[PDB]
Ligand SMILES: Cn1ncc2ccc(CN3C[C@@H](C(N)=O)CCC3=O)cc21
Ligand SMILES: [Zn+2]
């Protein structure tokens, strides 16, 4: 579990969005496993606007923050799960690291701010849904 709070927006994994998130929906994309909803309170996170490929992510299954190298956002095939059938997920970045399904929502960050959230994994590879291209998150 986990979310990004920037301005009057909440960014979560689409498969973990609540009824309030869908009722207050701003934007969602199944192929990215992302959903953004509106909030009443101002958020404190800053989205990174960069092409960093090094950062740190939080892994709830280890209660640890791991420094990683990660790939550029790309279209990657993702196996079937209880949430989606087998499909290609876009804007996904992989790193060599530990993750389990419940780790989705854990933030990946670089020196410039929030890069993305854990969304996929397995076989010692963790996958993050990129958010750096969503420039509108920085303005109302
Ligand atoms: C985060 N993580 N670490 C290992 C691992 C193994 C399997 C899965 C399966 N999965 C894929 C997600 C998607 N973005 O398609 C949806 C939710 C989900 O349970 C995730 C995993
Ligand atoms: Zn950066």
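Quick note: numbers on chain A are straight from Swiss-Prot, i.e. 869-1008, in order.
For this deposited structure, the header notes the method as X-ray crystallography, 1.4 Å.
Every residue gets a Cβ built from N, Cα and C, even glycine.
Copied over from Swiss-Prot:
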- 883: active site, for protease 2A activity (ACT_SITE)
- 901: active site, for protease 2A activity (ACT_SITE)
- 972: active site, for protease 2A activity (ACT_SITE)
- 918, 920, 978, 980: Zn(2+) 1 binding site (BINDING)
Legend entry - Intrachain C-beta neighbours of residue 978 (Zn(2+) 1 binding site), sequence separation six or more, cut-off 8 angstroms: 916, 918, 920, 922, 923, 924
Inset, instruction - Please report the DSSP secondary structure of residue 978 (Zn(2+) 1 binding site), reduced to three states. - result: strand
Inset, instruction - Anything from the recorded positions 901, 920, 972, 980 with its Cβ under 6 A from ligand 1? List those in sequence order. - result: 901, 972
Inset, instruction - Reduce the DSSP letter at residue 883 (active site, for protease 2A activity) to three states and note it down. - result: helix
Inset, instruction - Compute the centroid of the Cβ atoms of 918, 920, 978, 980, then list the same-chain residues not in that set whose Cβ lies within 8 Å of it, in sequence order, for the Zn(2+) 1 site. - result: 916, 917, 919, 923, 979, 981, 983, 1000
